[PDB]
Each structure stands twice: as structure tokens, then as C-alpha cells.
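Chains as they are written, first to last, in the deposited numbering: chain A, 1 to 304; chain A', 1 to 304. A prime marks a further copy of an entry chain. The C-beta atom is built at its ideal place from N, Cα and C for all residues, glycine as well. Below you'll find the structure, written out as C-alpha cells, and then a few comments.
Protein chains: 2
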Amino acid sequence: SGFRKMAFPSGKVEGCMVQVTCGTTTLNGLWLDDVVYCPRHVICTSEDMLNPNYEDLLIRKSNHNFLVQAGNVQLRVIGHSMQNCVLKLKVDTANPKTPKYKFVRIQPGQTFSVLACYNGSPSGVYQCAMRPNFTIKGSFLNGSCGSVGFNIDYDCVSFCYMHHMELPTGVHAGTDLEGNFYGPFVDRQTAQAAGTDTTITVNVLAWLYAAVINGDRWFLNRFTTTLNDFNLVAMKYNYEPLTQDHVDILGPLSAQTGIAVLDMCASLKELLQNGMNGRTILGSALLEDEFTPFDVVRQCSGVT
Amino acid sequence: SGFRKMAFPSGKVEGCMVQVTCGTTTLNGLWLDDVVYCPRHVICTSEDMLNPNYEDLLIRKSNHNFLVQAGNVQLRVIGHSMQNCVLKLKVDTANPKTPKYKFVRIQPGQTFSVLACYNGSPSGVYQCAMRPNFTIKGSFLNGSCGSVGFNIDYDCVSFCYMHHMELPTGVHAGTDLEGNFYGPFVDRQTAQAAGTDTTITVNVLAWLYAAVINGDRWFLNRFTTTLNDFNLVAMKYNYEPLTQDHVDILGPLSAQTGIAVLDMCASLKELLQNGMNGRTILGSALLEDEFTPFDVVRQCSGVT
Ligand SMILES: Cc1ccncc1NC(=O)Cc1cccc(F)c1
Ligand SMILES: Cc1ccncc1NC(=O)Cc1cccc(F)c1
Numbered sequence: 001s002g003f004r005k006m007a008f009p010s011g012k013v014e015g016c017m018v019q020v021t022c023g024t025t026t027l028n029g030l031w032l033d034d035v036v037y038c039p040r041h042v043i044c045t046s047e048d049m050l051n052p053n054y055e056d057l058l059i060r061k062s063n064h065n066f067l068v069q070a071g072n073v074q075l076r077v078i079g080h081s082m083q084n085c086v087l088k089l090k091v092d093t094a095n096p097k098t099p100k101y102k103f104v105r106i107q108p109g110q111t112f113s114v115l116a117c118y119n120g121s122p123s124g125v126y127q128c129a130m131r132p133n134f135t136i137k138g139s140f141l142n143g144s145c146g147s148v149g150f151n152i153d154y155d156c157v158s159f160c161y162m163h164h165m166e167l168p169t170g171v172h173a174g175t176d177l178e179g180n181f182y183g184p185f186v187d188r189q190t191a192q193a194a195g196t197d198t199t200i201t202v203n204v205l206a207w208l209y210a211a212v213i214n215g216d217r218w219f220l221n222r223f224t225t226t227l228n229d230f231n232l233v234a235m236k237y238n239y240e241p242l243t244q245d246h247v248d249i250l251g252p253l254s255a256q257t258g259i260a261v262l263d264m265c266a267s268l269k270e271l272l273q274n275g276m277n278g279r280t281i282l283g284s285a286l287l288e289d290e291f292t293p294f295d296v297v298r299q300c301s302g303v304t
Numbered sequence: 001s002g003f004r005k006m007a008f009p010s011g012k013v014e015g016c017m018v019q020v021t022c023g024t025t026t027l028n029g030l031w032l033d034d035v036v037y038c039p040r041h042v043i044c045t046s047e048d049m050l051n052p053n054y055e056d057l058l059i060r061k062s063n064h065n066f067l068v069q070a071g072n073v074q075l076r077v078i079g080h081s082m083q084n085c086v087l088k089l090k091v092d093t094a095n096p097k098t099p100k101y102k103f104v105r106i107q108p109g110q111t112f113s114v115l116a117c118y119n120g121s122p123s124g125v126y127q128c129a130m131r132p133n134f135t136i137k138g139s140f141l142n143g144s145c146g147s148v149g150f151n152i153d154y155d156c157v158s159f160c161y162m163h164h165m166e167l168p169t170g171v172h173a174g175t176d177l178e179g180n181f182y183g184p185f186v187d188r189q190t191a192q193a194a195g196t197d198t199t200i201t202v203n204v205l206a207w208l209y210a211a212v213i214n215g216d217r218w219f220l221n222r223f224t225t226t227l228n229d230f231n232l233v234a235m236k237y238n239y240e241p242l243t244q245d246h247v248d249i250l251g252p253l254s255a256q257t258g259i260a261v262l263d264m265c266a267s268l269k270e271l272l273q274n275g276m277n278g279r280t281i282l283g284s285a286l287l288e289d290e291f292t293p294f295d296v297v298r299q300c301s302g303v304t
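What follows is the structure, given as C-alpha cells:
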């Protein structure tokens with residue numbers, strides 16, 4: 001009973017957080033095995049951020065310039081390399097708390113947990129969706145760079161995000177763990193356009209199924225629609241077009257509740273055209289798109 | 001930039017979760033030092049839950065009947081005692097992962113993180129407010145009993161909640177770590193009334209300050225009010241009456257933003273009387289009351 005914006009337990013990730021300092025800039029690093037991963041802008045001063053030549057900036061740095069502290073113990077840096085927008089600092093000690101892990105590049109619309117950190121210390125954890133425009137609407141302040149996003153499948157942590165930058169609009173941009181930015185962003189102090197964003201249709205449908213499972217059913221109606229008809233409504237309301245791939249992943253929720261996907265689409269169509277009329281769904285007065293069909297199944301079945 | 005429903009990092013609590021089985025009932029326990037705490041209803045069968053005599057039920061149990069498993073290792077139970085609605089199983093081994101901790105009884109309106117668990121394994125973490133009526137609107141299924149609520153101040157975990165029961169309305173009831181229920185609830189399979197709930201006024205005001213800090217300011221107006229006038233509006237809209245104690249704890253947010261508490265009360269009054277007019281505040285289309293003034297200061301300053 002109940003449905004919450006649940007994050008993964010952050011324990012396995014907390015054991016990997018370190019503080020990385022280079023010159024006068026300090027941020028977070030991720031220590032996995034004998035490598036520490038962090039945003040490459042740790043090598044920059046504020047003046048460098050205007051138009052940085054990272055290759056030239058990194059050349060002025062040696063292993064001893066990167067100070068890596070795991071809690072209260074100092075790591076010895078024996079190598080450094082830049083891969084895309086991340087630095088990889090080889091250390092002489094493998095992290096004893098390294099969980100089983102993978103580096104994954106998630107798709108837009110997928111969700112993950114963020115462990116916000118400052119000075120290598122965890123401050124909090126929250127669940128995010130990677131927006132269709134490849135930004136995240138996180139909660140990050142100066143010093144949070146290097147904080148990571150992740151998912152967990154039983155004992156394996158799949159790291160998918162490393163925080164790098166705050167856009168002038170207050171939304172967030174970052175990379176996968178190979179240092180490739182999600183979206184068009186560059187790690188430079190320049191105003192950068194995020195694409196037009198859209199609402200993640202398949203996620204709103206999954207959340208409507210979660211609402212029905214938990215008893216919030218007032219929005220169910222006597223109607224049905226087609227993918228074509230629904231997509232005309234999705235276009236008008238800036239929702240992602242629904243595809244058969246999306247219908248396919250909603251199958252488990254359709255089977256559990258007995259509500260055909262296109263019937264739920266008709267409820268969503270009516271909610272888009274008429275609003276909530278002052279009512280709520282799962283404690284929300286808007287259509288929530290930060291739960292994937294997998295998240296709904298996982299939470300509604302109590303997967304650990 | 002940004003403001004999220006952030007939970008504490010759950011790592012220190014994950015290290016304390018164990019599975020407790022007695023007869024054919026399995027639930028979660030909390031292993032701190034050499035004691036395992038769990039809901040006393042682990043000793044009941046479904047038939048016992050109708051009208052249980054816990055004292056008589058516990059008398060039929062011996063130390064060897066309580067099976068406590070921490071991950072994959074078995075704990076040896078050398079004592080058992082019932083304290084209010086919790087069982088305390090003395091074990092022969094102190095939990096090596098015991099963090100610095102305290103047991104606290106929180107007040108209604110205060111917030112905390114829940115680490116939802118099943119079979120002793122963590123499934124997810126979310127931030128909750130203890131409702132003014134002493135229920136929590138959690139996300140819990142069968143097997144989640146024994147999952148705990150907590151806050152963290154630097155290195156100290158203050159445990160404040162242990163999950164026990166789901167009311168017929170789908171809201172949740174539990175105890176402090178001494179086994180005293182929050183609210184009027186009893187651990188019995190009987191329909192039980194939760195009091196009339198109210199919105200946590202001081203928290204909505206704190207969240208309005210968080211919105212102003214992050215740039216959502218459309219709701220600020222040219223008006224002011226008094227505690228008496230605001231409280232007439234709070235009464236009409238089922239909000240908690242605001243006191244000078246509440247105004248006092250909003251002081252840091254009033255000082256940071258330069259918006260006097262009674263001026264923010266006038267914005268809240270107008271929002272109550274006119275609604276959001278289809279607009280949002282911090283990604284919400286309703287007035288959020290699950291962030292305390294302390295949570296707002298902590299998140300807006302990045303406290304670890
Ligand atoms: C101040 C802040 C707040 C939240 N998240 C991140 C930040 N910090 C930055 O964006 C620094 C920065 C500037 C320009 C490029 C870059 F890659 C990184
Ligand atoms: C089924 C479920 C779902 C979520 N949270 C909890 C539960 N389980 C219960 O309430 C069991 C129960 C019954 C009667 C009394 C009691 F103290 C405990």
C-alpha cells in the first residue's frame with residue numbers, strides 16, 4: 001500500500017565516494033577498484049572555466065597534484081588520464097568497499113538515484129529521471145560535481161551519471177562514467193541551450209497503473225483510444241509519442257490490473273484535455289513522469 | 001539549484017538490517033550492538049492477529065525459536081524480551097557495522113527517511129513526514145514490517161520509527177524504537193481510526209522559502225497578514241495553527257531571503273484561497289508539507 005518516489009539504498013555507493021582536490025578546486029570522486037573517477041574540471045581555476053583547454057591544463061599537473069582523500073585516509077596517485085570529460089586517477093590501493101558494478105549509458109526517460117555529495121561526503125539521496133532533453137532536474141550546489149547517478153540490480157551497481165554542471169536555467173548536466181556528456185553540453189562556463197523537453201509518456205502511463213494498483217481510480221473512464229489518436233493528443237500537450245515498444249513494456253502492468261494499455265491511454269488523454277479538476281493521484285496534482293514501468297513493477301512487488 | 005524530496009544516505013542503516021523468523025512469520029529486524037529489535041507480531045500466526053495475547057504468545061517461544069540472519073550469517077539468540085510492541089533479541093555478537101546511534105521519539109510534523117526492507121534486504125529509501133495524526137504515508141507491502149525510519153546528524157543515526165502495520169485505508173502505523181506506537185494504534189487485525197489529519201503549516205512555509213531560494217517566486221504578493229488572521233484561513237483549510245514557535249524556526253529562512261514570516265504567510269493565505277491557477281512550485285501542483293525548516297536549510301546549504 002502506498003507509492004513513493006523511492007531511491008535505491010545508497011550504501012554501496014557511499015563506500016565509493018572520495019574527495020579530490022587539485023590546486024584550489026575540490027570536488028567528489030568515485031573510487032572503484034584502483035581507479036578514482038572525477039569531473040575533469042577539478043584541474044581548472046574559475047578563470048580557466050571560461051574557455052578551458054583541458055589537454056593543456058592537464059599537462060601542467062602531475063600525480064602528486066591530485067589529492068584524493070577517502071574519509072580521513074589519503075590515497076596515493078600513481079597515474080592520471082583524461083577520458084572525454086572525466087579524469088581517471090590510478091591509485092595504489094583497490095577500494096575494499098568496491099561493490100560489483102558496471103558503467104552504463106542510460107537512455108532518456110530512464111530513472112536513477114543520485115547520491116548528492118560535498119567534499120567526498122554523502123548529503124542525501126533522491127530519485128531522478130534523465131529528461132528527454134538529457135538534462136536532470138536535480139538538487140545540486142557548488143561542490144556537488146562528481147556526485148553519481150546509479151541503479152542497482154540485486155548486488156550490482158550500474159553507474160550511469162556523474163554530475164558536472166549547472167546550466168543558467170538551474171537544471172543539471174553530466175556525463176556517463178566514460179566522461180561522455182548526456183546531451184549537447186560542454187564543460188565550459190558558457191550559456192548552453194538544453195533542447196525542448198517533453199513529458200515521458202510511458203512513465204506517466206506506468207504511474208497511472210501504479211495509482212490503480214494502490215486504489216486511486218477516479219480517472220478511469222468508459223473510453224478507449226488508438227496509438228494514432230493518442231499521439232495527436234501527445235503532440236498537442238508536449239508528450240513523447242507512444243510506440244508499440246512502450247506498449248510492450250507496459251504489458252506486465254496491463255496484465256496485473258486487467259486494464260488494456262490503450263484504455264489507460266484514453267484515461268491519460270482525458271486527463272490531458274481536462275486536467276485533474278482539483279483532484280490528486282498518488283498525492284500529486286500533476287501527471288508524474290519519473291517512474292518507469294520497471295520501477296512500478298519493482299516497487300509494487302517489493303524487489304530487493 | 002533545484003530542490004528535491006531528499007532522503008538521508010541509507011548506508012549506516014543498511015548495515016543494521018537483519019531478517020527475523022519465528023515459526024512461519026518472517027520480517028525485518030534492526031541489529032545494533034548485541035541486540036536485534038523487531039515488531040513483536042513476528043511471534044503471531046495470521047489467526048493470532050485477530051486478538052493477540054502477546055504475553056501468552058511469547059511464553060510459548062524460546063531463544064532458539066527466533067532465527068536471525070544477517071545477510072547469509074546466522075546470529076545466536078541468547079535472550080529475548082518484549083518492550084511495549086517490540087521484541088529485543090539479545091545476540092552473542094555485536095554488529096560490527098553498528099553506527100553511532102540514538103533512539104528518538106519524533107514529534108508529529110517532523111520528517112525522516114525510511115529504508116524499506118523485505119526479508120532483511122533493503123529495497124529502497126524515501127523521505128516521509130510523520131503526519132499530525134501519527135500515521136505515515138509510506139510505501140510498504142507484506143514483509144516490510146521492521147523497516148525503520150531515521151535521521152542522521154553527521155555520524156549519528158537517530159532511529160525514530162519502526163514499521164508495524166497497514167491500516168485498512170492504506171496508510172501506515174508504527175512505533176518508536178522502545179515499541180511505543182505513534183498515535184492510538186494497537187498491533188491487532190482490527191479496523192482502527194486514524195485522527196483527522198491536517199497540513200503541516202510550518203513545513204509548507206519552509207517549502208515556500210525553498211521555492212523563493214530556487215527562483216520560483218510567482219506566488220509572492222504585495223500583502224501581509226497577522227498570526228490571528230492567517231490562523232482563521234488555516235482553520236478553514238485544515239492547516240495546523242501557526243504559533244510563534246513555528247515563526248521562530250522559520251527565522252533563518254526569513255533572514256536568508258529577506259521575506260518576513262508574516263509576509264510569506266500572506267502568500268500562503270492567497271495560495272489557499274485562490275489555488276495555484278494551473279501553475280507549479282518546485283515541480284509540484286500542490287502545497288508540499290514534507291520538508292521541515294531544518295530540511296530546507298540543510299538542503300539549501302549542502303550539509304553532509
Ligand atoms: C555551481 C554548481 C551548482 C550545481 N551543480 C554544479 C555547479 N558547478 C558548476 O556548474 C561548475 C562548472 C562550470 C562550468 C562548466 C562546468 F563543467 C562546471
Ligand atoms: C500487509 C502489510 C502491508 C504494509 N505494511 C504492513 C503490512 N502488514 C501488517 O499490517 C500486518 C499486521 C496486521 C495487524 C496488526 C499488525 F501490527 C500488523
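Between A':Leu89 and A':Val77, is the Cβ-Cβ spacing less than 7 Å?
yes
Check this for me: beta carbons of A':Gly146 and A':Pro39, under 7 Å apart or not?
yes
Can you name the residues of chain A' whose CB is closer than 7 Å to the CB of A:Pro96?
Those do not exist, as A:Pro96 stays about 14 Å from chain A' at its closest Cβ, beyond 7 Å.
Do A':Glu166 and A:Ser1 have their CB atoms nearer than 7 Å?
yes
Beta-carbon within less than 8 Å of A':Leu250's beta-carbon, same chain only, minus the 5 sequence neighbours each way: which residues are those?
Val202, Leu205, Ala206, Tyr209, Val261, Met264, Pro293
Return the chain-ordered list of same chain residues with a C-beta closer than 7 Å to the C-beta of A':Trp218, the five sequence neighbours on each side being excluded.
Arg279
Under 7 Å from any heavy atom of ligand 2, by CB: list those residues in chain order, please.
A:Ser1, A':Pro39, A':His41, A':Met49, A':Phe140, A':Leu141, A':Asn142, A':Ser144, A':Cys145, A':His163, A':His164, A':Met165, A':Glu166, A':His172, A':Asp187, A':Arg188, A':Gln189
Alpha-carbon spacing of A':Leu115 relative to A':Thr199, whole angstroms:
24 Å
Please name the residue in A':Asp245, A':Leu271, A':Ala191, A':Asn221 whose C-alpha comes closest to that of A':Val233.
A':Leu271
Taking only runs that begin and end inside the segment 33-107 of chain A', name each unbroken alpha helix (DSSP H) of 4 or more residues, in chain order.
54-59
Any beta-carbon of chain A' closer than 7 Å to the one on A:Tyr118?
yes
Closer than 8 Å between beta carbons: that is the criterion. Which residues of the segment 170-193 of chain A' meet it against chain A?
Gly170, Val171, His172
Taking the straight line between their C-alpha atoms, what separation do you get for A':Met235 and A':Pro132?
14 Å
Could you list which residues in chain A' have their beta carbon closer than 8 Å to that of A:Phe8, in chain order?
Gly124, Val125
Go through its chain and collect everything with a Cβ distance to A:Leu27's Cβ below 7 Å, but skip five positions before and after it.
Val20, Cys38, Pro39, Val42, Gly143, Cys145, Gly146
Neighbour list for A:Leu286 in chain A', Cβ cutoff strictly below 9 Å
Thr280, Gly283, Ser284, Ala285, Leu286
Just the C-alpha distance for A:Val212 and A:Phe291, rounded to the nearest angstrom, thanks.
14 Å
Return the chain-ordered list of same chain residues with a C-beta closer than 6 Å to the C-beta of A:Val247, the five sequence neighbours on each side being excluded.
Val261
Taking the C-alpha atoms as reference points, what is the distance between A':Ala191 and A':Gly138?
18 Å
Pick out whichever of A':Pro108, A':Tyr182, A':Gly120 has its Cα sitting closest to the Cα of A':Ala129.
A':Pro108
For A:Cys128, which of helix, strand or coil comes out of DSSP?
strand
Looking at the unbroken alpha helix (DSSP H) that takes in A:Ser158, where does it start and where does it end?
Element bounds for A:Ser158: not the alpha helix (DSSP H) but the beta strand (DSSP E), 156-166.
Beta-carbon within less than 6 Å of A':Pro99's beta-carbon, same chain only, minus the 5 sequence neighbours each way: which residues are those?
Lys12, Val157
Could you pull the start and end residues of the alpha helix (DSSP H) that A':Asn238 belongs to?
Careful: A':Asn238 lies outside any alpha helix (DSSP H) and carries neither H nor E.
Answer yes or no: does any C-beta atom of chain A' fall closer than 7 Å to that of A:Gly11?
yes
Would you decide whether A':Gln127 is buried or exposed? Buried here means 16 or more other CB atoms lie within 10 Å of its CB.
buried
Cβ of A:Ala206 versus every heavy atom of ligand 3: is any distance shorter than 6 Å?
You won't find ligand 3 in this model; what it holds is ligand 1 and ligand 2.
Limits of the unbroken beta strand (DSSP E) element including A:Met17
17-22
Cβ neighbour criterion (16 or more within 10 Å) applied to A:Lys269:
buried
Which one of A':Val91, A':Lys5, A':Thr45 has the shortest CA to CA distance from A':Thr24?
A':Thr45
Just the Cα atoms here: how many angstroms apart are A:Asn65 and A':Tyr118?
46 Å
Considering only DSSP beta bridges, list what A':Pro122 is partnered with.
A':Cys117
With 16 other CB atoms within 10 Å as the buried threshold, where does A:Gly149 fall?
buried
Tell me whether A:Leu262 sits in a helix, a strand or coil according to DSSP, three-state version.
helix
What in chain A is Cβ-close to A':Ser158, meaning under 9 Å?
Those do not exist, as A':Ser158 stays about 16 Å from chain A at its closest Cβ, beyond 9 Å.
Selection of the segment 203-219 of chain A by Cβ proximity to chain A', strictly under 9 Å
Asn214, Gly215
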